[PDB]
Amino acid sequence: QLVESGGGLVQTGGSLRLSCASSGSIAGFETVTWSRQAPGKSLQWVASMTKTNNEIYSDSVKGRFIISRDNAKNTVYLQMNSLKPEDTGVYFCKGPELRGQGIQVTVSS
Amino acid sequence: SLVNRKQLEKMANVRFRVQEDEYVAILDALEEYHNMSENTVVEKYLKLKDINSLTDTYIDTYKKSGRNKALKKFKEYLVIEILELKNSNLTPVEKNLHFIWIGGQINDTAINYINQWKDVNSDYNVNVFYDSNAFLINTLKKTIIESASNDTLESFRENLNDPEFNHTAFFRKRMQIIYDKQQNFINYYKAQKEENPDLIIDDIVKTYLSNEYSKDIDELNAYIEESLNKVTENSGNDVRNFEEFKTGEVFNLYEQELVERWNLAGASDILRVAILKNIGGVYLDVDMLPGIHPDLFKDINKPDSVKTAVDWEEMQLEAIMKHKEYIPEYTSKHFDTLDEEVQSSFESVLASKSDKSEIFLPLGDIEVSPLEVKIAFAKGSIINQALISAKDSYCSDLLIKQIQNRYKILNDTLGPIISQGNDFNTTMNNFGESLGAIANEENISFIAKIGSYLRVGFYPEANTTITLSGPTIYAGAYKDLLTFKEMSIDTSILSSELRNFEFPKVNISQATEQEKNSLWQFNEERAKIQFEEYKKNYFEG
Ligand SMILES: O=c1ccn([C@@H]2O[C@H](COP(=O)(O)OP(=O)(O)O)[C@@H](O)[C@H]2O)c(=O)[nH]1
Ligand SMILES: OC[C@H]1O[C@H](O)[C@H](O)[C@@H](O)[C@@H]1O
Ligand SMILES: [Mg+2]
Ligand SMILES: [Mn+2]
């Protein structure tokens, strides 16, 4: 009951809005972690949103990325602007008991 | 130094447990912290806060995780790192000395103390903050207190010689009348400001005093002139020119204390915080004197007949003033009780040093963390009579948030009760009930201590100011800092931790004559003396 979308291929400088939407749970995303994995790299933390609606950003991503939730806390977004080839990878949304299969993101240059 | 990524990994290792995404969030953020060579002290601090939040999130997510024990230990390590940050990375303090005299004419006594700092700190800029709009606040408070005293003595004339008619009874009855008169002025002030917003405080006060107490406007005008002139010729800096303060979010609370409460100490508690945030440097109360040079009296040992460091320091200051006369009319009451042999050691050493900078220690170059405000200690407790902050210090902003939060709770509770227009006792009983309803496990330390807000400056040991804008807000701010929070109303913290914020003792003498003369409160002893004097004068002894 989790629908992932928003990914694809952009050129350097472009934007994407990642989306994970869940249904069938009371706030399946009341805590959310965004992670990413490039091939031949370890899973890397991108951003987080606490139960207090507190937004925490990795240094490599601050000033470019915005994490957000709807009020029901069932769908989470990742606005990513000014993308670099560095940002290329598979992105994972993680709630307390939910985790996405991964959204491919490719930045071209 | 804080554990690095690999060291946390060793701590929070659980065999066979896969690294969760919320764990990797922690490890990656810790690694990012260790790669912050180029970042400011507050940036580093906010990174620690981030790590703390990520850590809390993990623990909340996997409540029975085998990692939790190590992560809770890690959380404590974060606090150690804060103190390291604080204690390791110092910037120079702006060379400003800040003083405040508001509400009336600055006294020659204040000037003379101020001049001592000036004489040994030629490299320091000095400001004495005043309020050119409110020179008559002290006149108004004095007038109203005396009028209420007379009304009280009149009303209880036949009970005055009654064995049981206490000083307590006097002050209790007088409080009721003061409230009436204070509320009378306050409502006049608010109406006047609505009718004509261009009026200044002194315009309204002198009119009120003329109308209600037949005070002479020409003599009030002449006093304003004298006051303006005296402070200007003494490093005067007008609060009404302090734009950052005037347009900031605590200016209203300052005016509350100045105009409604006639609490100049409370208003000064608020001003001093804005001063250190917006300008930075060293704040001192006007009753504070420079530290005695450490090798002036090194060779005179404390007689056993003097059994506190404070009485000794007191002795030493009186010696300087007896033999050097820097400050006219400084007491020698305590110095004189000394054995002649000791007094002779004193005069002999003071005769040898002939340069004020060898008597009083110049501040010189002081350094502080950009995270903190440094505060003086007395009686093993913190006291905001002396403060050190760089401009825009982090604790500086915590202080303003403490003030805003505390006054928000107070005003939102007290305000609607006052507006019902009841008498002091009714108002007070209802206030008490409201405090009871909004009391919870968090705010109780605060709620239990604001009940006597309306008594401040009129009743023995009316102390509320301490909790509103005094030492309590500093304990709150440091707790804020050390817990990664804001507006902490429960201010429990170790005295160990508080010692990290201590104003350097060598740089002040706190045991002055004037420190013993509180201008905003009075104790029971003083209350008993005032009462007997009020009686005598009423009977015309
Ligand atoms: O009429 C007054 C009374 C007090 N204060 C300010 O309040 C501070 C504290 O006064 P005091 O030393 O009497 O307070 P205590 O140390 O007894 O709490 C002073 O230094 C002033 O800055 C003021 O400006 N005008
Ligand atoms: O907090 C109210 C007052 O009491 C404090 O202990 C300080 O001595 C004084 O500077 C302050 O204005
Ligand atoms: Mg004093
Ligand atoms: Mn004092």
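Lettering of chains follows the sequences in order, A, B, ..., and the numbering in each one begins at 1. Quick note: numbers below take in every heavy atom, side chains included, and nothing from hydrogens, waters or symmetry partners.
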Please flag which part of B:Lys49 lies under 4.5 Å from any non-hydrogen atom of chain A: side chain, backbone, both or neither.
neither
Identify which part of B:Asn35 has an atom lying under 4.5 Å from any heavy atom of chain A, answering side chain, backbone, both or neither.
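For B:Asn35, no heavy atom lies under 4.5 Å from chain A.
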For each of [options], tally heavy-atom pairs with chain A at distances under 4.5 Å, and name the one with the top tally.
{"options": "B:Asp60, B:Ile26, B:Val24", "value": "B:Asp60"}
{"options": "B:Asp21, B:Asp50, B:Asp28", "value": "B:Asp21"}
{"options": "B:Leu54, B:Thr57, B:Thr61", "value": "B:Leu54"}

At a heavy-atom separation under 4.5 Å, does [X] approach chain B through its side chain, its backbone, both, or neither?
{"X": "A:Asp59", "value": "both"}
{"X": "A:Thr31", "value": "side chain"}
{"X": "A:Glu97", "value": "neither"}

Examine B:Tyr45 together with B:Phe484 and report whether their ring centres are nearer than 6.0 Å.
yes
Is A:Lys62 atom NZ crowded by more than 12 heavy atoms from other residues, nucleotides or ligands, each under 6.0 Å away?
yes
Is it the case that atom CD in B:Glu442 sees more than 12 heavy atoms from other parts of the structure closer than 6.0 Å?
no
Positive for salt bridge (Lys or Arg N to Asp or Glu O under 4.0 Å) with B:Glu32, one of B:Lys44, B:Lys47, B:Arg5:
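Result for salt bridge (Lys or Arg N to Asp or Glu O under 4.0 Å) with B:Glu32: B:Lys47.
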Using 30° and 60° as the class limits, which term best fits the ring planes of B:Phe245 and B:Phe251: parallel, tilted or perpendicular?
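Perpendicular: the ring planes of B:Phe245 and B:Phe251 meet at over 60°.
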Quick check with a 6.0 Å cut-off and a 45 degree axis cone: is B:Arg67 positioned over the face of B:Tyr23's six-membered ring?
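Verdict for B:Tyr23: a cation-pi partner in B:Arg67.
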Among the listed options A:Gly95, A:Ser60, A:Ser58, A:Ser35, the residue most often paired with chain B at heavy-atom distances under 4.5 Å
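Most heavy-atom pairs under 4.5 Å with chain B: A:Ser58.
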